[PDB]
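Structure record follows, encoded as structure tokens.
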Amino acid sequence: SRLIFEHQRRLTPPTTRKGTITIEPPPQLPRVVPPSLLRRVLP
Amino acid sequence: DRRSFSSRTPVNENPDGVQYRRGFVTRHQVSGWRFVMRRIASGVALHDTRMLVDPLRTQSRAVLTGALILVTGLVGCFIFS
């Protein structure tokens, strides 16, 4: 009545590298001193 | 060393923790705006934004230098009279 099936192996789609991607925190608002025209008027 | 105090800011958890409404552009904000608009404006003319060497600002500051030397010579010969 019906045909027969054989347990051929399942194929593997590339799975996930289920790791822990880590990200470095940004810099820390470096303090900038006033421009100071006296030492800024040379040109 | 000199024991510096890196800028810090916690929370409030009270009544005076949402009352200020003071709009005043700090120096950092205007620097940041300048930089962002000079990294976008260098992303539609150079088509790369690693920002290692910016020639656009170079051009603009060159024309500005022309203008400044212009006005300098103008007055330095206005003193001639």
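Positions of Cβ are backbone-derived with ideal geometry, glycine not excepted, and every protein chain shown enters the neighbour counts. Quick note: the coordinates plus some simple rules give every number you see, no bench work behind them.
Between the listed residues A:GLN28, B:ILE79, B:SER60, the Cα displaced farthest toward the positive end of the dipole of the protein assembly as shown, a dipole computed from Cβ unit charges relative to the Cα centre, is found at A:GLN28.
Convex hull of alpha carbon positions in the protein assembly as shown: directionally averaged projected area 24.0 nm². Secondary-structure-derived ellipticity at 222 nm for chain B, considering helices only, amounts to -16000 deg cm²/dmol, per-run term -39500 (n - 2.57) for DSSP H runs with n ≥ 4.
Can you compute the charge dipole magnitude of chain A about its Cα centre, using +1 on each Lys and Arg Cβ and -1 on each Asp and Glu Cβ, nothing else charged? Give it in debye, rounded to the nearest 20. Numbers along the way, then the final one.
Numbers: 8 positive and 2 negative charges, 5 e Å.
In total the dipole reaches around 20 debye.
Given DSSP loops and a limit of at most 13 other Cβ atoms within 10 Å, what is the longest stretch of chain B that contains no such chymotrypsin sites (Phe, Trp or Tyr not before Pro)?
B:25-79
Dipole of the protein assembly as shown, Cα-centred, from +1 at each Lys and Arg C-beta and -1 at each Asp and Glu C-beta, to the nearest 20 debye?
Numbers: 20 positive and 7 negative charges, 44 e Å.
The calculated dipole for the protein assembly as shown is roughly 220 debye.
Each peptide in A:4-17, A:28-41 receives the mean, over its residues, of other Cβ atoms within 10 Å, and ordering these scores from highest gives A:28-41, A:4-17. Translational diffusion coefficient of chain B (Stokes-Einstein, Kirkwood radius from Cα pairs, 20 °C, 1.002 mPa s): 118 µm²/s.
Between 0 and 90 degrees, the angle of helix B:55-78 with respect to the longest Cα principal axis of chain B falls at about 60 degrees. Here the convex hull built on the C-alpha positions of chain A has a volume of 219 cubic angstrom per residue.
What size of dipole, in debye to the nearest 20, comes out for chain B about its Cα centre when the only charges are +1 on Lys and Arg C-beta atoms and -1 on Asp and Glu C-beta atoms? Could you put the intermediate results ahead of the total?
On the way: 12 positive and 5 negative charges, 18 e Å.
Charge dipole, chain B, about its Cα centre: 80 debye, nearest 20.
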